[PDB]
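What follows is the content of my_file_17.pdb (PDB, C-alpha atoms and all ligand atoms).
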ATOM      1  CA  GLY A   1     202.170  58.859 102.607
ATOM      2  CA  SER A   2     204.766  60.669 104.703
ATOM      3  CA  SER A   3     208.021  59.630 106.375
ATOM      4  CA  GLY A   4     207.370  58.724 109.999
ATOM      5  CA  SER A   5     203.653  58.881 110.760
ATOM      6  CA  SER A   6     200.535  60.470 109.271
ATOM      7  CA  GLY A   7     199.047  63.603 110.803
ATOM      8  CA  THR A   8     201.427  66.371 109.759
ATOM      9  CA  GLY A   9     199.733  67.654 106.620
ATOM     10  CA  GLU A  10     196.300  66.418 105.575
ATOM     11  CA  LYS A  11     193.498  67.473 103.228
ATOM     12  CA  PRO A  12     191.689  70.683 104.262
ATOM     13  CA  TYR A  13     188.515  68.623 104.646
ATOM     14  CA  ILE A  14     187.883  65.082 105.881
ATOM     15  CA  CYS A  15     184.524  63.356 106.327
ATOM     16  CA  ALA A  16     183.665  61.759 109.670
ATOM     17  CA  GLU A  17     180.920  59.328 108.658
ATOM     18  CA  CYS A  18     183.568  57.131 107.037
ATOM     19  CA  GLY A  19     186.801  59.113 106.963
ATOM     20  CA  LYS A  20     187.348  60.333 103.410
ATOM     21  CA  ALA A  21     189.316  63.307 102.088
ATOM     22  CA  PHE A  22     188.464  66.124  99.679
ATOM     23  CA  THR A  23     189.793  69.398  98.270
ATOM     24  CA  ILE A  24     186.698  71.424  97.393
ATOM     25  CA  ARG A  25     184.448  72.238 100.348
ATOM     26  CA  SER A  26     181.542  71.421  98.033
ATOM     27  CA  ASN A  27     182.997  68.172  96.694
ATOM     28  CA  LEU A  28     182.811  66.991 100.306
ATOM     29  CA  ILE A  29     179.229  68.109 100.920
ATOM     30  CA  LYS A  30     177.976  66.058  97.972
ATOM     31  CA  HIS A  31     179.540  62.960  99.530
ATOM     32  CA  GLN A  32     177.886  63.501 102.913
ATOM     33  CA  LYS A  33     174.731  62.757 100.925
ATOM     34  CA  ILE A  34     175.662  59.088 100.547
ATOM     35  CA  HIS A  35     175.680  59.111 104.351
ATOM     36  CA  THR A  36     172.005  60.082 104.494
ATOM     37  CA  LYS A  37     169.878  56.968 103.993
ATOM     38  CA  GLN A  38     166.315  57.445 102.749
ATOM     39  CA  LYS A  39     163.939  54.804 104.107
ATOM     40  CA  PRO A  40     161.599  53.398 101.424
ATOM     41  CA  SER A  41     157.913  54.259 101.051
ATOM     42  CA  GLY A  42     155.953  51.426 102.634
ATOM     43  CA  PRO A  43     156.618  48.118 104.425
ATOM     44  CA  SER A  44     160.254  47.130 104.941
ATOM     45  CA  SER A  45     159.807  43.754 103.245
ATOM     46  CA  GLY A  46     156.770  42.796 101.188
TER      47      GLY A  46
HETATM   48 ZN    ZN A 101     181.969  59.599 104.576
END
Could the structure of this file be written out as structure tokens, please?
Ligand SMILES: [Zn+2]
Amino acid sequence: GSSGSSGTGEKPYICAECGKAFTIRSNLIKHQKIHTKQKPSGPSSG
């Protein structure tokens, strides 16, 4: 939170899939994983 409006000064890395923030370039990568669905093996339902 900053006086006025956000924008001036933000984490060095911010996801786009959802819009999260991180500090360690890696810490962010790991997250991106949760944004990579993995369809099941077989019929959708049944
Ligand atoms: Zn995300």
Checklist entry - How would you write, as a list in words, the residues chosen by the PyMOL selection byres (((chain A and resi 23-33) around 8) and not hetatm) on this structure? => result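 That selection, the PyMOL selection byres (((chain A and resi 23-33) around 8) and not hetatm), comes back as residues 11, 12, 13, 14, 15, 17, 21, 22, 34, 35 and 36 of chain A.
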Item to check | Computed interatomic separation between CA of residue 16 (chain A) and CA of residue 40 (chain A) (Å) | outcome: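 Computed distance, CA of residue 16 (chain A) to CA of residue 40 (chain A), equals 25.0 Å.
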Checklist outcome for this item: CA of residue 18 (chain A) sits from CA of residue 42 (chain A) at a separation of 28.5 Å
Missing atoms in region 1-34 of chain A: fill them in up to N, CA and C atoms and send the result as a PDB file, in the frame of the given file.
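Final file, selection-v6.pdb:
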ATOM      1  N   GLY A   1     201.132  59.524 101.841  1.00  0.00           N
ATOM      2  CA  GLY A   1     202.170  58.859 102.607  1.00  0.00           C
ATOM      3  C   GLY A   1     203.315  59.788 102.959  1.00  0.00           C
ATOM      4  N   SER A   2     203.682  59.814 104.236  1.00  0.00           N
ATOM      5  CA  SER A   2     204.766  60.669 104.703  1.00  0.00           C
ATOM      6  C   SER A   2     205.731  59.888 105.589  1.00  0.00           C
ATOM      7  N   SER A   3     206.998  60.292 105.576  1.00  0.00           N
ATOM      8  CA  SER A   3     208.021  59.630 106.375  1.00  0.00           C
ATOM      9  C   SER A   3     207.742  59.799 107.865  1.00  0.00           C
ATOM     10  N   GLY A   4     207.635  58.678 108.573  1.00  0.00           N
ATOM     11  CA  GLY A   4     207.370  58.724 109.999  1.00  0.00           C
ATOM     12  C   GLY A   4     205.969  58.257 110.344  1.00  0.00           C
ATOM     13  N   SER A   5     205.037  59.201 110.430  1.00  0.00           N
ATOM     14  CA  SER A   5     203.653  58.881 110.760  1.00  0.00           C
ATOM     15  C   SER A   5     202.708  59.960 110.243  1.00  0.00           C
ATOM     16  N   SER A   6     201.528  59.540 109.796  1.00  0.00           N
ATOM     17  CA  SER A   6     200.535  60.470 109.271  1.00  0.00           C
ATOM     18  C   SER A   6     200.150  61.505 110.324  1.00  0.00           C
ATOM     19  N   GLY A   7     199.464  62.557 109.887  1.00  0.00           N
ATOM     20  CA  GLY A   7     199.047  63.603 110.803  1.00  0.00           C
ATOM     21  C   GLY A   7     199.531  64.974 110.376  1.00  0.00           C
ATOM     22  N   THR A   8     200.838  65.102 110.170  1.00  0.00           N
ATOM     23  CA  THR A   8     201.427  66.371 109.759  1.00  0.00           C
ATOM     24  C   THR A   8     201.170  66.643 108.282  1.00  0.00           C
ATOM     25  N   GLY A   9     200.072  67.338 107.995  1.00  0.00           N
ATOM     26  CA  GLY A   9     199.733  67.654 106.620  1.00  0.00           C
ATOM     27  C   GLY A   9     198.662  66.738 106.063  1.00  0.00           C
ATOM     28  N   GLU A  10     197.418  67.205 106.080  1.00  0.00           N
ATOM     29  CA  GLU A  10     196.300  66.418 105.575  1.00  0.00           C
ATOM     30  C   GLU A  10     195.272  67.312 104.886  1.00  0.00           C
ATOM     31  N   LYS A  11     194.517  66.732 103.960  1.00  0.00           N
ATOM     32  CA  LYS A  11     193.498  67.473 103.228  1.00  0.00           C
ATOM     33  C   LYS A  11     192.816  68.496 104.130  1.00  0.00           C
ATOM     34  N   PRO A  12     192.367  69.609 103.531  1.00  0.00           N
ATOM     35  CA  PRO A  12     191.689  70.683 104.262  1.00  0.00           C
ATOM     36  C   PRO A  12     190.304  70.269 104.748  1.00  0.00           C
ATOM     37  N   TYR A  13     189.829  69.128 104.262  1.00  0.00           N
ATOM     38  CA  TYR A  13     188.515  68.623 104.646  1.00  0.00           C
ATOM     39  C   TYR A  13     188.505  67.097 104.667  1.00  0.00           C
ATOM     40  N   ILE A  14     187.958  66.531 105.738  1.00  0.00           N
ATOM     41  CA  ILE A  14     187.883  65.082 105.881  1.00  0.00           C
ATOM     42  C   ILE A  14     186.568  64.661 106.528  1.00  0.00           C
ATOM     43  N   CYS A  15     185.805  63.836 105.821  1.00  0.00           N
ATOM     44  CA  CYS A  15     184.524  63.356 106.327  1.00  0.00           C
ATOM     45  C   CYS A  15     184.707  62.592 107.635  1.00  0.00           C
ATOM     46  N   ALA A  16     183.625  62.467 108.397  1.00  0.00           N
ATOM     47  CA  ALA A  16     183.665  61.759 109.670  1.00  0.00           C
ATOM     48  C   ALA A  16     182.844  60.475 109.610  1.00  0.00           C
ATOM     49  N   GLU A  17     181.786  60.492 108.804  1.00  0.00           N
ATOM     50  CA  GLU A  17     180.920  59.328 108.658  1.00  0.00           C
ATOM     51  C   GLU A  17     181.734  58.081 108.324  1.00  0.00           C
ATOM     52  N   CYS A  18     182.716  58.242 107.444  1.00  0.00           N
ATOM     53  CA  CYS A  18     183.568  57.131 107.037  1.00  0.00           C
ATOM     54  C   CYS A  18     185.042  57.476 107.233  1.00  0.00           C
ATOM     55  N   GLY A  19     185.422  58.682 106.825  1.00  0.00           N
ATOM     56  CA  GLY A  19     186.801  59.113 106.963  1.00  0.00           C
ATOM     57  C   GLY A  19     187.478  59.331 105.625  1.00  0.00           C
ATOM     58  N   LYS A  20     186.806  60.052 104.734  1.00  0.00           N
ATOM     59  CA  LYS A  20     187.348  60.333 103.410  1.00  0.00           C
ATOM     60  C   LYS A  20     188.000  61.711 103.370  1.00  0.00           C
ATOM     61  N   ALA A  21     188.653  62.020 102.254  1.00  0.00           N
ATOM     62  CA  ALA A  21     189.316  63.307 102.088  1.00  0.00           C
ATOM     63  C   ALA A  21     188.845  64.007 100.818  1.00  0.00           C
ATOM     64  N   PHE A  22     188.887  65.336 100.829  1.00  0.00           N
ATOM     65  CA  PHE A  22     188.464  66.124  99.679  1.00  0.00           C
ATOM     66  C   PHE A  22     189.250  67.429  99.595  1.00  0.00           C
ATOM     67  N   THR A  23     189.096  68.134  98.478  1.00  0.00           N
ATOM     68  CA  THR A  23     189.793  69.398  98.270  1.00  0.00           C
ATOM     69  C   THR A  23     188.813  70.565  98.232  1.00  0.00           C
ATOM     70  N   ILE A  24     187.714  70.386  97.508  1.00  0.00           N
ATOM     71  CA  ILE A  24     186.698  71.424  97.393  1.00  0.00           C
ATOM     72  C   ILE A  24     185.616  71.255  98.453  1.00  0.00           C
ATOM     73  N   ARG A  25     185.450  72.274  99.290  1.00  0.00           N
ATOM     74  CA  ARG A  25     184.448  72.238 100.348  1.00  0.00           C
ATOM     75  C   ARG A  25     183.153  71.606  99.849  1.00  0.00           C
ATOM     76  N   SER A  26     182.764  71.951  98.626  1.00  0.00           N
ATOM     77  CA  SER A  26     181.542  71.421  98.033  1.00  0.00           C
ATOM     78  C   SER A  26     181.681  69.928  97.745  1.00  0.00           C
ATOM     79  N   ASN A  27     182.747  69.566  97.039  1.00  0.00           N
ATOM     80  CA  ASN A  27     182.997  68.172  96.694  1.00  0.00           C
ATOM     81  C   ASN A  27     182.730  67.260  97.887  1.00  0.00           C
ATOM     82  N   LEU A  28     183.020  67.759  99.083  1.00  0.00           N
ATOM     83  CA  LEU A  28     182.811  66.991 100.306  1.00  0.00           C
ATOM     84  C   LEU A  28     181.327  66.909 100.649  1.00  0.00           C
ATOM     85  N   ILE A  29     180.653  68.053 100.615  1.00  0.00           N
ATOM     86  CA  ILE A  29     179.229  68.109 100.920  1.00  0.00           C
ATOM     87  C   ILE A  29     178.458  67.046 100.144  1.00  0.00           C
ATOM     88  N   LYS A  30     178.650  67.026  98.829  1.00  0.00           N
ATOM     89  CA  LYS A  30     177.976  66.058  97.972  1.00  0.00           C
ATOM     90  C   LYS A  30     178.089  64.650  98.547  1.00  0.00           C
ATOM     91  N   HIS A  31     179.298  64.279  98.958  1.00  0.00           N
ATOM     92  CA  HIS A  31     179.540  62.960  99.530  1.00  0.00           C
ATOM     93  C   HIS A  31     178.637  62.715 100.735  1.00  0.00           C
ATOM     94  N   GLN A  32     178.697  63.620 101.707  1.00  0.00           N
ATOM     95  CA  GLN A  32     177.886  63.501 102.913  1.00  0.00           C
ATOM     96  C   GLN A  32     176.500  62.959 102.585  1.00  0.00           C
ATOM     97  N   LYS A  33     176.042  63.219 101.365  1.00  0.00           N
ATOM     98  CA  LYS A  33     174.731  62.757 100.925  1.00  0.00           C
ATOM     99  C   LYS A  33     174.628  61.237 101.026  1.00  0.00           C
ATOM    100  N   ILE A  34     175.639  60.545 100.512  1.00  0.00           N
ATOM    101  CA  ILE A  34     175.662  59.088 100.547  1.00  0.00           C
ATOM    102  C   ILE A  34     175.576  58.572 101.979  1.00  0.00           C
TER     103      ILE A  34
END
